[PDB]
Structure formats: C-alpha cells, structure tokens
Amino acid sequence: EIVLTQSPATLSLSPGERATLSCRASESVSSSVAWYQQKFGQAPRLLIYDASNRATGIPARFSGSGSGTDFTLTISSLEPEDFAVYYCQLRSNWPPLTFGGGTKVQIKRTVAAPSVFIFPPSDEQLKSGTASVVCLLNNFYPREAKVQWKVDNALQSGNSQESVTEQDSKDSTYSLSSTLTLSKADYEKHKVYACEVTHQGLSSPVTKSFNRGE
Amino acid sequence: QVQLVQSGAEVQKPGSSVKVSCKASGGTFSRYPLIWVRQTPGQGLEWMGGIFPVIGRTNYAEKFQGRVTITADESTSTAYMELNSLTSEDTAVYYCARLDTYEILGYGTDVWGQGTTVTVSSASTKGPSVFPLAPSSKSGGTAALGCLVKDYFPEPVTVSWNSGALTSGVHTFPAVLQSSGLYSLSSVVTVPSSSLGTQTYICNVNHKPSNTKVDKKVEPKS
Amino acid sequence: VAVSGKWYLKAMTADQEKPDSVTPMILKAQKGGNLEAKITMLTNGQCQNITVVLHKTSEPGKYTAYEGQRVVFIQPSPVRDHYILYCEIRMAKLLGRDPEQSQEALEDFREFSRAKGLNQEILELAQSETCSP
Ligand SMILES: [Cl-]
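Residues numbered from 1 in each chain as written, not as in the entry; some residues may be left out. Chains lettered and ligands numbered in written order. Heavy atoms only, no water. Residues with missing side-chain atoms left out of burial classes, pairs and counts.

By the method listed in its record, X-ray crystallography, this PDB entry was determined to a resolution of 1.850 Å.

Below, the structure is given as structure tokens:
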C-alpha cells in the first residue's frame, strides 16, 4: 500500500497569515498528487492536480509544489473563507488513489477552559425506563478535552457518546456534549452522578455532580 | 461536460448489502478511472476502489478488499458500488468520481457525483421525544439550559429557541446514532440567570420525515 | 490554464530509419486546448531545441501538428507513469517520469509498436539534464 501523511494535522492561523500544508508519501509517487478543500457538511473541492496545477477557477493564493515523496500546499495569505480541512490524494491513471488523513486549518485564539454543566434525567424520561445524563463543556479551546463519568465514584465505560460543534464564527471556541445512557434500573442503584473534565486550560480537573433526586 | 448522477439516500439493516449507482451523461468512463470514495459523518475521505481502464482491472483499498464490489455497465453508462455485511460504521456518504487523467497533460476536469447517504439502521421513521435539560439552581450571572431530542429516525431534525428569537449562545450538537438505530441530539443555550424567573425558554423541534413537531418549555425544576 | 508537466523521452521507433542525448521534455497546456512540447537533442555535435505545438481535436488524446499534416495519438502505458505517443512516416515514442529505463515499459512499448507495424528494434535514448555540444 501507499500511505499519505499530513502532518501537522491541525494548523491554527488567521486571515493574513501564510499556510504551508505538508503531505508525505510513504514512497515516491512522482507528481501524482491532488489537493482538496472541504468545509463541514459540503462536498470536497479540487484545488490542485498533478502536484502543481490549479483546477479551474481556483484563486492564485493557492499553490502546490513537490515531486517524489514531499508535497506542499501553500496559501500565500489566508482569507476568511479558507478555514477548512485540506486533503491530499494520489491522483493518476494507476492505482492506488489513497487519501491523506487531512489537515484542519482553524482560527487561532487564546486557551479557554470549558464551562461545565451537568444535567440530570427528566422525570418524564425516567417513566419510560431509560435515563440520559448530560454533561456540557461550553466554549473552550483548543478542541482536545477529556470527559469521564463516575457513578458513586466508579469510572463508567461503554455507556457514553460525545458530540462536538464546529468552531464558533464569533469567538473561535468549541463546545461538547457527553451523554451517559442508563436503564432506569441501573440509574436507581446509585446516588452520585459526576462528570469530570480535563482540559489544557484547567489546572486541576473540574467535576460537576448531582445526587439522584434534587 | 460530463455529469455523474448517483442513486438516492438508502437506509439498510445491519447485515444487509447496499448497491449504489452512478450514471454518466455527456460522456463515458471507458478511458478514465472511475472511483468510489466514502466519508463517515464528521470524519475523513477514504478511497474504496476503482475501475482503471489503463490496466484493464478493478482495484480496491485493503480496508475494503473482500467486502466491496465495483462494476460498470457500458450500455447504460452506469457504475455501481456494492457494500456487503453492513454495520453501523458503514453509515457514510459515498461518492463516485471520474478522474480526468487520460491526457498526458490536461485541465484537471474531474467530475464527482452528488453523493449518496447510506444509513445503517434497523429503525423505521419515528418522530422524537424532547426532554428538558433544566437550568441548575447554582457563575458569571449565566445559566446553561437545553433540550435533549431523543429517539428519532431518520435525519434530520431542526431546533430553534423561542421561535427563532433566541439565537445568541445557542449550540445545537450533531446527532449521534445510538445502538438502537435511532438518533439523539442536544441543543443548549446560555442565558442570564436573572432571567430564569421571568423569561420563558421553549425549544422548537421539527422532524419533517415524520411530519412531527415538539415544543418543550425548559424551566428550573421545582 | 498555463498548466505544466515534465517527462523523459526514453525510447522511439518508426516504420523507417537518432539523438546522441536528450534533455527532459516539458509540456505546457494553453487556455484553448493546445499543448506545447519542448525538448533539446544532441545530434551531429549540435544542440537542437525542438518545439511541437499539438492542436486540440474533438477527441481526447488526439492532436494535429505540423500545419495539419501530422496526426498524433497519446495514451497512458499500462506501466505506471509512462505514456506512448504515436504519430503519422509513422513513429512511436515512450515517455516516462523516470529517466531510468523500465524493462516493463519497454516490453509494452515493443508490443505497441508491433500492433502499429513499426520497426520492432526499439532505440533507447541516453539521457542528460543539459546538452553539451
Ligand atoms: Cl488570491
């Protein structure tokens, strides 16, 4: 197989800054490299083909370079609309046509710890036999954050799902929700429900808790 | 100008197969690589395989070798991707693309289909239940509250607050597909805690597939 | 457009009866559809700069050159990163990304020439990045 490595996988910049994105093939592939832009929820957009050729309509600030193993996409000066994920891909008459893992170009801002909120299951929900407990991590940066659930101090595993927002257009932060799902039976066996949060911006982990039954 | 048109959105049960079509008009694939690419929600692009006329062969990525079959039918200018033994992790957008690689040097006129969403679930169309995420009694003068939109299928739902009059501070999270085959998502908002007595907060949920609507008042619990 | 591509002329044949050395071939595509190919060749102690303009046809991979009088067919080889050019004298040429000979590409190029009825004794051209009289 041939693997394409895109490293770093995140770049945090701002309008006015140069962006230099790297794509390294695991062995020589001559000039057979394409670059794509992709914004959240949209189709991929071809920028560069044959390592150095702009697709039609692509602005001049986008340039591709390299031959062999080491390829580069340069955006000479970022515009607001340029914050997106960028992929490289082998593109040729011959297989394989592997994609790189992507480099996310985001807006830099200062570190911001999450504001954490815990929400008990509603009485209405409990009636039905299931309990959802929700933990909100609001307006943090950067994106890396760990959420751990503890029930009567026992670490939970396998019974939670997380979802994250796109970077906020106004304040450049992320938010995250974690939902712990239990049967009513299991929920009713324990007292203390806790959400424990670790993040670059927190000097100690932050916990929010409730005792089952206000 | 060649266009690729894919078949529409599919819902398939775990264990079944899905066969997605890709019809070319204005041209054919006889001299050009025809490839399939997928993207799982919020994740990256993965090449699945393709038909490569220059070597007279269809080739697959390792990850999909033995579980995907790619074919084409000359007479109908149609290419196909069949994925067997579906599991929830094959829930994705699948794309076909014709690559403009035949000329020694060309203009990069690649053509992509519009994408086909495949959702792997045992569920039937079902409207959501909406539960309050009640503001805590206990923070810079601000409180977080929200709605949990649980147990709907398929995507999407829409959520507003106060009929769209409340937009500041709202975060509506991407849905998660639960093991039941049903979706769940949360919408939250931060508001002034001084407001909690006086201002009503209602989430407006719309699930067009079921023609259902839920409006839920969210208030401090007694 | 002003799209570009770099290549090596590694082997040639024709239906009739030769550079001592060649530089890489460079192709430039122009808004409109035409390609321009440039290469330098060492012949009789002299460095000749060759330019050929290949004019679009309605068929991809098929161009006209030399004031309409030559028709040129360009197609990818089955062997990775090689192409075959066919022209009608009637001649064929093997192009590659790599200056070093590929035996596989050469073998395919032989079978191609036979199908076209060209001389099957293929001439392999020596490569040099610059041309020294
Ligand atoms: Cl520009």
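(A) Just the overall build of chain C, in detail. Within chain C, the regular secondary structure consists of one helix and 10 strands. When the helices and strands of chain C are read in sequence order from the N terminus, they spell out β-β-β-β-β-β-β-β-β-α-β. Compactness check: chain C gives a C-alpha radius of gyration of 14 Å against a globular reference of 14 Å for 133 residues, within 12% of the reference. Over its C-alpha atoms, taken along the principal directions, chain C stretches across nearly 35 × 35 × 30 Å. (Helix = DSSP H or I, 4+ residues; strand = E, 2+ residues; numbered from the N terminus. Rg over C-alpha atoms; globule rule 2.2 N^0.38 Å.)

(B) The arrangement of the interface of chain B and chain C in detail. Listed by partner, the interface residues are 11 residues for chain B and 23 residues for chain C. Among the residues of chain B in contact with chain C, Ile104(B), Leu105(B) and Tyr107(B) are the three that bury the most area, contributing 53% of the side total. Our enumeration of links across chain B and chain C arrives at one salt bridge. Residue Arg31(B) is joined to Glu59(C) by a salt bridge in which the shortest nitrogen-to-oxygen separation is 3.2 Å. Linking chain B with chain C are eight residue pairs in polar contact. Looking at side-chain class alone, the side of chain B that touches chain C contains seven nonpolar, two polar and two charged residues. (Contact = heavy atoms within 4.5 Å. Buried area = accessible area lost by both parts, 1.4 Å probe. Salt bridge = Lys/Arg side-chain N within 4 Å of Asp/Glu carboxyl O. Polar contact = N/O pair within 3.5 Å; in protein donor to acceptor, adjacent residues only side chain to side chain. Nonpolar A, V, L, I, M, F, W, Y, C, P; charged D, E, K, R; others polar.)

(C) Main features of the UniProt feature "disulfide bond" in chain C. Residues and elements named next belong to chain C. Below 2.5 Å lies the sulfur separation expected of a disulfide, and the 2.2 Å found between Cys47 and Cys131, a pair UniProt records as linked, sits within that range. Residue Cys47 is classed as partly exposed on the basis of its relative accessible area, which comes to 32%. Owing to a relative accessible area of 23%, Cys131 belongs among the partly exposed residues under this scheme. (Disulfide = S-S within 2.5 Å. UniProt positions renumbered as here; feature names shortened; annotations may be inferred. Buried < 20%, exposed > 50% of the residue type's maximum accessible area, 1.4 Å probe, protein only.)

(D) View of the domain arrangement of chain A. All names here are of chain A. Assigned domains within chain A: domain 1 (4-107) and domain 2 (115-211). Placing the centre of domain 1 and that of domain 2 at their C-alpha centroids yields a distance of 36 Å. Contact residues are listed per partner, giving five residues for domain 1 and five residues for domain 2. Roughly 460 Å² of surface becomes buried between domain 1 and domain 2 when both sides are summed, with 35% attributable to carbon and sulfur atoms. The largest share of the area that domain 1 buries against domain 2 comes from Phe40, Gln106 and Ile107, three residues that together contribute 76% of it. For the pair domain 1 and domain 2, the number of links is zero salt bridges. The interface formed by domain 1 and domain 2 holds five residue pairs in polar contact in total. Element by element, the count of residues in the side of domain 1 that touches domain 2 is highest for strand β10 (residues 103-107), at three residues. Along the lines of polarity and charge, the residues of the side of domain 1 that touches domain 2 split into two nonpolar, two polar and one charged. (Domains from an automatic or database assignment.)

(E) Structural view of the side chain of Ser92(A). Take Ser92(A): it is sitting in the loop between β9 (85-90) and β10. Judged by relative accessible area, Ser92(A) falls into the buried class, the value being 5%. A polar atom in the side chain of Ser92(A) sits 2.7 Å from the backbone nitrogen of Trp94(A). Not counting the four nearest positions on each side in its chain, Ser92(A) is found in contact with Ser32(A), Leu97(A), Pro33(B), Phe52(B) and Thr101(B).

(F) Structural view of the interface of chain A and chain B. In this complex, chain A contributes 42 residues to the contact, which on the side of chain B involves 45 residues. Summed over both sides, the interface between chain A and chain B buries roughly 3,600 Å², with carbon and sulfur atoms accounting for 64% of that surface. On the surface where chain A and chain B come into contact, there are two salt bridges. Counting across the interface, chain A meets chain B through nine residue pairs in polar contact. Mapped by element, the contributors of at least two residues to the side of chain A that touches chain B are β4 (33-38), β5 (45-49), β9, β11 (115-119), α1 (123-127), β12 (130-140), β15 (160-164) and β16 (174-183) of chain A. Per-element tally for the side of chain A that touches chain B: the top contributor is β12(A), with six residues. Its residues assigned to classes, the side of chain A that touches chain B comprises 17 nonpolar, 18 polar and seven charged.

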